[PDB]
């Protein structure tokens, strides 16, 4: 099951287990957290698979002062634990300034990454997490360090796609007939009896990607932005104390019965 299906299974669970007081937000919506408890004390619940990533921030190398600068276009403010990650990479500037796709691990105490995550998700009014070990686990942001091991790497992450627009429709068809694919287009919708799912087409300084949806084909334009970001990874601890499990469930049931 993919991560989209997993979010749906968590919302479905909460609604049947506790009542339909849980609203699911957009899947790939960067602005907010996953599930909004629409009760008398609203808060957010964050869904994460057993192996997930856990937030990020962009750092721009500044080769003049040989330090890393927090990008002003970031969406989360600096907390103390951010500055401690920056200071480490800055004092190791020579090795971290050569940005990589495979990334370079940050070998800092796990204490730092856990506190950054707690601060970051508190900043989104997340009070509880939900995940699964075969059975659904719900725990408050305060006890995060008892459920996940945390890793941290600094890597280039190319920015996301955008829909094919009218301006670049003459250019897309240019690249299509150079590859030999026959097609017809009703507006921006693509139609073909050849299967070109996830075919990548390129030419004249845009890169195109073809996707199949609703019995037809959608075209996406790929990005040109290759900034590096500190990014956190989490993995569910395999044997968890049943002592903390029951207390944290009681904490959730208390928080929604309020």
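Note that the rigid core is defined as the largest set of C-alphas that superpose within 1.5 Å between two forms. Numbering follows the first chain given and starts at 1.
(message) Comparing against the shown form in 4 other deposited structures of this protein, which stretch has the larger RMS C-alpha deviation after a rigid core superposition, 236-244 or 18-26?
(response) It is 18-26 that deviates more in 4 other deposited structures of this protein.
(request) Could you check whether 174-182 or 114-122 drifts more from the shown form in 4 other deposited structures of this protein, using RMS Cα distance once the core is superposed? (result) When 174-182 and 114-122 are compared in 4 other deposited structures of this protein, the bigger C-alpha shift is seen for 174-182.
(request) Going by the average Cα B-factor in the PDB entry, point out whether 18-26 or 234-242 comes out higher. (result) The stretch with the larger average C-alpha B-factor is 234-242.
(message) Please compare 92-100 with 122-130 and say which has the higher mean C-alpha temperature factor in the record.
(response) In the deposited entry, the stretch with the higher C-alpha B-factor mean is 92-100.
(request) Report the option among 165, 151, 79, 74 whose CA atom has the maximum B-factor in the deposited record. (result) If I rank 165, 151, 79, 74 by C-alpha B-factor, first place goes to 79.
(request) Can you pull the Cα B-factors for 196, 222, 35, 49 from the entry and say which is highest? (result) Max CA B-factor in the entry, restricted to 196, 222, 35, 49: 196.
(request) Select lowest, middle or highest to describe the third in which the CA B-factor of residue 184 falls within its chain in this entry. (result) Residue 184: CA B-factor falls in the highest third of its chain.
(message) Test of reading the entry: by CA B factor among the chain's modelled residues, which third contains residue 55?
(response) Its C-alpha B-factor belongs to the lowest third of this chain's values.
(request) Just say lowest, middle or highest third for the CA B-factor of residue 160 relative to the other modelled residues in its chain. (result) For residue 160, the deposited C-alpha B-factor lands in the lowest third.
(message) When the deposited Cα B-factors of this chain's modelled residues are ordered and cut into thirds, is residue 136 in the lowest, the middle or the highest one?
(response) According to the entry, residue 136 has a C-alpha B-factor in the chain's lowest third.
(message) Split into thirds by Cα B-factor across the chain's modelled residues, where does residue 85 land: lowest, middle or highest?
(response) Middle third - that is where residue 85 ends up once the chain's C-alpha B-factors are sorted.
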